[PDB]
J.: 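Take this structure, written in structure tokens, and hold onto it; I'll ask about it next.
Any value given below was found using the heavy atoms of this structure, including those in side chains, with hydrogens, waters and symmetry copies removed. Residue numbers start from 1 in every chain, and the chains themselves are labelled A, B, ... in the order their sequence lines are given, proteins ahead of strands.
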Amino acid sequence: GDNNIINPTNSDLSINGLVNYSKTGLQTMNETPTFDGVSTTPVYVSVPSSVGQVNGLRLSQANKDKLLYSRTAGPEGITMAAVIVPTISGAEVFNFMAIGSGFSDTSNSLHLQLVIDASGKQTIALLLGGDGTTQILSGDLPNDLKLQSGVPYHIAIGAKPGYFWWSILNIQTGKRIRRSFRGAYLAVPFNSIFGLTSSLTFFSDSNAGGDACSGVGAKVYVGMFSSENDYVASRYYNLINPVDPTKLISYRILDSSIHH
Amino acid sequence: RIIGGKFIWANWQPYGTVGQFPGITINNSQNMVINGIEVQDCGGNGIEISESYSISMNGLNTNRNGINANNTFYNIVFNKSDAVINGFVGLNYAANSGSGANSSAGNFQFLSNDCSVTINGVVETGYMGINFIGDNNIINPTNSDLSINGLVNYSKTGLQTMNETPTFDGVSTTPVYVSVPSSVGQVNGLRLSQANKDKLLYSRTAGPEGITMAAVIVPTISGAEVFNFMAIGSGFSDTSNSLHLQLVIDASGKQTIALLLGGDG
Ligand SMILES: [Cl-]
């Protein structure tokens, strides 16, 4: 899109009237998620020093580690973001984050996925189920845009009726990839994803069987809906911080703790 | 780039076109910078922005459109579009003069909820209101990605704030609650009666910077009555230092909205 490499700055910058999270003392809500896994004890492992913390949450397919929020998506929409340091090897589906669960005409669900095939080809896929139908919006990444094993990425989505965007930002090089879907790209608006019935999950979805992720998670943010405009504007302050302190609903660093 | 523009008397009814057409159509467009324009006196909507990206407007005056049907059309209509509008003004000269001439129902209308829009400026001008109306006389809220006047939308915020506790007071001091219409978005509200004198007292006093007070009120209107919707202080006299906002109903059913001020001698 327009901003393909983002270099953040410690200048005296104000962009889009957004409060820079690093410069704020405002008090906000901070909802608490529940850890879930096959074993329900969280495990923490180290992250690269670019993540700005010692450890993050260990993500594996075997234990299905994830963070469940009870909050459901509403018609104004939601933003969800996290640092994920993916371990990438063979065929795999990573569910980076989800609203609800399942995938059918009535699932009322969203999944953002990275799918690696057996040959190493990578696809980014957004799965929408609801309003009587389903849609897969996916694309195969060219070789030079592929995610790299052990590199941290800031991964974000904005999702509301009729309006879905996703972004994947390498925090070491500033290089970003993204897509946005409105209008004729969507088969329906997917209103029923946002009927206050489908809850938010990081690193899997809200069903016990769902695919999860492999690697490490950190700096989980839930906010009310931000445009990609405002998401990108906020990246000029810092590549991994919360998007919009005035819309922040949860933010958990996950440095060996689910608290704050 | 359009720098300096005036677009007036569009959709001119004598020329006999069938249907509504806005003063300005921006359709399927992008990266436009439109500064210092006026749209006024048009027969339908003022500006319709449709299927457009990145429309930038810096200094924009839209007012007194919708002249073919009173209280029906809007100054700017957004449909699947993004825009950034700064230095917006739109004093509705007909509403200000009290002529009763047909004019726009209000400034903005969103036909879709997938628009990303920021609007800053003088959205309601603040003239007296000789016929009790102004620039925005019908307001339709939107779930789109809107930011207006830099205001945080309460539906979208987690910010923590003060929240002062008022004291209920009444002839009996136990509050009673009764059903509200579902458009109020709750099951019950506070039962207001003249018999019990139900009221909420805040100890906060008004200061020179001033105050904003607001509430949903569902009035039961019948015989002659004075409703005190809200007040500052009490009494009414040269030294009461008080404000009251009242609906006054007479025996015949006439309604008066009165603001009483006492103070400064
Ligand atoms: Cl903990």
J.: Just do the side-chain contact (heavy atoms from CB on, under 4.5 Å) check on B/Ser112 and A/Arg182 with the steps written out, would you?
T.: CA-CA 11 Å; B/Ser112 68; A/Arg182 282 191 277 183; over 6 Å; no
J.: Give a yes or no on this: more than 12 heavy atoms of other residues, nucleotides or ligands lie within 6.0 Å of atom OH of B/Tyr127.
T.: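 Check passes, neighbour count above 12.
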J.: May I ask you to name which of B/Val152, B/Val84, B/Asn113 has the most heavy-atom pairs under 4.5 Å with chain A?
T.: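 Of B/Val152, B/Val84, B/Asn113, B/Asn113 has the most heavy-atom pairs under 4.5 Å with chain A.
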J.: So which residues of residues 247-260 of chain A are in contact with chain B at a heavy-atom cut-off of under 4.5 Å?
T.: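 Result: A/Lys247, A/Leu248, A/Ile249.
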J.: Rounded to the nearest 0.5 Å, what separates atom OG in B/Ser147 from atom CG in A/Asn16?
T.: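 B/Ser147 OG to A/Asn16 CG: 9.0 Å, rounded to 0.5 Å.
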J.: At a heavy-atom separation under 4.5 Å, does A/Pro189 approach chain B through its side chain, its backbone, both, or neither?
T.: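 Neither part.
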J.: Identify the heavy atoms of A/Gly183 and B/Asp114 that sit nearest to each other, and give their distance.
T.: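 What the structure gives for the nearest pair is N-OD2, 4.4 Å.
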J.: For A/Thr246, does its backbone N or O pair with a side-chain atom of B/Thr157 as donor and acceptor, under 3.5 Å?
T.: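 Checked: pair present.
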J.: List the atom pairs, with distances to 0.1 Å, where a side-chain N or O of residues 203-215 of chain B and a protein N or O form a donor-acceptor pair under 3.5 Å, not counting sequence neighbours.
T.:
| from | atom 1 | to | atom 2 | distance (Å) |
| --- | --- | --- | --- | --- |
| B/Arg204 | NE | B/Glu164 | OE1 | 3.0 |
| B/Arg204 | NE | B/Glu164 | OE2 | 3.4 |
| B/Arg204 | NH2 | B/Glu164 | OE2 | 2.9 |

J.: If you count the non-hydrogen atoms of other residues, nucleotides and ligands that lie under 6.0 Å from CD in B/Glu124, is the total more than 12?
T.: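 Yes, CD of B/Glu124 has more than 12 neighbouring heavy atoms, counting only those of other groups under 6.0 Å.
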J.: Atom OH of residue position B/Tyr53 - does it have more than 12 heavy atoms of other residues, nucleotides or ligands inside 6.0 Å?
T.: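 Count not over threshold, so no.
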J.: To the nearest 0.5 angstrom, please state how far the CE atom of A/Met224 sits from the OG atom of B/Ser155.
T.: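 It is 7.5 Å, given to the nearest 0.5 Å.
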J.: Does atom CZ (A/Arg178) have a neighbourhood of more than 12 heavy atoms from anything else shown, all under 6.0 Å?
T.: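 For A/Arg178, atom CZ is crowded (more than 12 foreign heavy atoms under 6.0 Å).
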